[PDB]
Amino acid sequence: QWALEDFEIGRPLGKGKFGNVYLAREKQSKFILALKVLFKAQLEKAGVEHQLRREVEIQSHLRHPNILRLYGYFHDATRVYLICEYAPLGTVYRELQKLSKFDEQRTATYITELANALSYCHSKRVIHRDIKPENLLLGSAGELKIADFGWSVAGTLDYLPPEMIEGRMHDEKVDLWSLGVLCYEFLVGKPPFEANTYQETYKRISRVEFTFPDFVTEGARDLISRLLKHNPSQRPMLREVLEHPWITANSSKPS
Ligand SMILES: CC(C)n1nc(-c2ccc(NC(=O)/C=C/C(=O)c3ccc(F)c(C(F)(F)F)c3)cc2)c2c(N)ncnc21
Ligand SMILES: [Cl-]
């Protein structure tokens, strides 16, 4: 029902391949938000029309504080427009470049917010990803928000669990593996399986080979070792992560 004439456009927040993201403002309420413009050309060049169909109807019927909200959408027969929540503080990725690594307080809270978001997703029968730092945005108070970034703004091997790479079947447990890769990146400043080649990285993931720098504490080492298990069924539940000693002792956001 929306139309482009309903919005004022500000500066470009990101130019990508499929399109751009602009700062915008609904004319009636003066509400600030983000507007994605997707080119039907590039959508036509590839085959995602059905894939585009999916995400939208889902994200629409999806309301949670740690999940970027999608408000609406519309088209003009050459372009596709998405209306999203605007997240003023930017990307967790850029923060990690600025600070190098996070402290246990900051990390424990991020993990808490991610676990809550993921647990909501599971309840609505949904499995997301790859929750890479570049797909994690920040609200005005500093609170994390899962975007499921369109790449309108690594490799992606570093965040995939063993079962997904090797060709085997996978379930909700893939999210617990991601959570542990992320927890480690937050405290150390790089993912635990990073390497100069795709081959070595593969090898380290499938064989779960990684180590800690001295400064990582035992309660941290403990939670990460429990998420990073080759056998998916041996990975904890989201619920047990929220109640972990290291989490409860360092997180400022309640479960
Ligand atoms: C750069 C800055 C930091 N930035 N970026 C955002 C931002 C956050 C989320 C999105 N959402 C999407 O892109 C969704 C795309 C798709 O569902 C999709 C579906 C089917 C496809 F085939 C595809 C395709 F990619 F294959 F085409 C995509 C977009 C921008 C943002 C924000 N909301 N607030 C503040 N700053 C912000
Ligand atoms: Cl092993």
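Index from 1, following the sequence. Computed over heavy atoms, backbone and side chain alike; hydrogens, waters and symmetry mates excluded.
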Pairwise side-chain contact, [X] with [Y], heavy-atom cut-off 4.5 Å (strictly under):
X      : Y      : answer
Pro88  : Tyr86  : yes
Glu166 : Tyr202 : yes
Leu82  : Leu35  : no
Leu179 : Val241 : yes
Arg94  : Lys98  : yes
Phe212 : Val188 : no
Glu194 : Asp158 : yes
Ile146 : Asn66  : no

[X] and [Y] aromatic centres sub-6.0 Å:
X      : Y      : value
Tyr73  : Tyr81  : no
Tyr159 : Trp177 : no
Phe210 : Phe193 : yes

Please walk me through it: do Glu163 and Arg235 pass salt bridge (charged side-chain N to carboxylate O under 4.0 Å, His left out)? CA-CA 13 Å; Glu163 62 268 30; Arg235 292 171 204 152; 2.5 Å; yes
Counting only heavy atoms not in [X], do more than 12 fall under 6.0 Å of its [atom1]?
X      : atom1 : value
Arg239 : CZ    : yes
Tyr71  : OH    : yes
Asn231 : CG    : yes

Does the pair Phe74 and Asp6 meet the rule for a side chain to side chain contact (heavy atoms under 4.5 Å, CB included), with working shown? CA-CA 11 Å; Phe74 56 92; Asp6 289 338; over 6 Å; no
Begin with the C-alpha distance, continue with both residues' side-chain angles, and end with the deciding distance and a verdict on side chain to side chain contact (heavy atoms under 4.5 Å, CB included) for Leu187 and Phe102. CA-CA 5 Å; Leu187 301 162; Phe102 304 153; 5.7 Å; no
Please answer whether the main-chain N or O of [Y] pairs with a side-chain N or O of [X] as donor and acceptor at a distance below 3.5 Å.
X      : Y      : value
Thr248 : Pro245 : yes
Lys190 : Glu185 : no
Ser100 : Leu96  : no
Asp76  : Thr78  : yes
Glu134 : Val153 : no

Is there a side chain to side chain contact (heavy atoms under 4.5 Å, CB included) between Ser252 and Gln105? Walk through the geometry before answering. CA-CA 7 Å; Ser252 67; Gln105 288 68 56; over 6 Å; no
Please report the interatomic distance CG(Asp130) to CG(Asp175), rounded to the nearest 0.5 Å. 9.5 Å
Gap separating the CG atom of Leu33 from the CZ atom of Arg69, nearest 0.5 angstrom: 12.0 Å
Does the pair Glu85/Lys145 count as a salt bridge with the N-to-O cut at 4.0 Å? yes
Salt-bridge criterion met for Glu95 and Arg106 (N-O under 4.0 Å): yes
Side chain to side chain contact (heavy atoms under 4.5 Å, CB included) evaluation trace for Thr107 with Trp246: CA-CA 11 Å; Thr107 299; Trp246 178 88; 3.9 Å; yes
